[PDB]
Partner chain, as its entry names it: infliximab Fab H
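Form solved without its partner chain, single chain, as structure tokens, below.
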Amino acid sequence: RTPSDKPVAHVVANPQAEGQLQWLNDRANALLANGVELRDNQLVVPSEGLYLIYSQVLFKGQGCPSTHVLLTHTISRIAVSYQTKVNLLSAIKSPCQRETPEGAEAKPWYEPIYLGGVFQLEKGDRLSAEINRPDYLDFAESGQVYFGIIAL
């Protein structure tokens, strides 16, 4: 065989979908081996083990609007028994400070956030990397937005 036995997965955001982050393992450079499945846009964990659960999204806007743009990306985990979203890793970014553009429009900011950690998950647990602003997500990527778990 080739994909070893350790339950793995490296999902990439879908460039077609818009204003929504949909995870696609079915492109080049994407894995979903030995157990892991993609169900409700959430990775489901095959076996009780220890997993590293990184993820990365890449935000983009054109000029800084009024109303403070606070951006967030978080990896929550809904466990078998206690089926509620408990927050694993998270992070906020505020890419705007400015007067909110003027004498020259545009000039786009870019803002990536990365989340990585080692956590214990059981059989049937689910995970899901999500953001508060699917409008700002960016993708003429190939590797700009991703979500993955690997058993260790």
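Positions refer to the first chain, counted from 1.
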> With respect to the recorded C-alpha B factors, which stretch has the higher mean value, 127 to 135 or 14 to 22?
Replying inline: 14 to 22
>> Please compare 33 to 41 with 49 to 57 and say which has the higher mean C-alpha temperature factor in the record.
In response: 33 to 41
> Based on what the PDB entry reports, which of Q83, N87, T100, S94 has the top C-alpha B-factor?
Replying inline: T100
> Lowest, middle or highest third: where is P108 by C-alpha B factor in its chain?
Replying inline: middle
> With respect to C-alpha B-factor, does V145 fall in the lowest, middle or highest third of the chain as deposited?
Replying inline: lowest
>> Quick check on the deposited entry: does the C-alpha B-factor of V8 sit in the lowest, middle or highest third of its chain?
In response: lowest
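If you look for the form deposited with its partner chain bound, you will not find it shown, but the lines that follow are about it.
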> What residues in 122 to 152 sit within 4.5 Å of its partner chain in the deposited bound form, counting heavy atoms only?
Replying inline: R133, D135, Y136
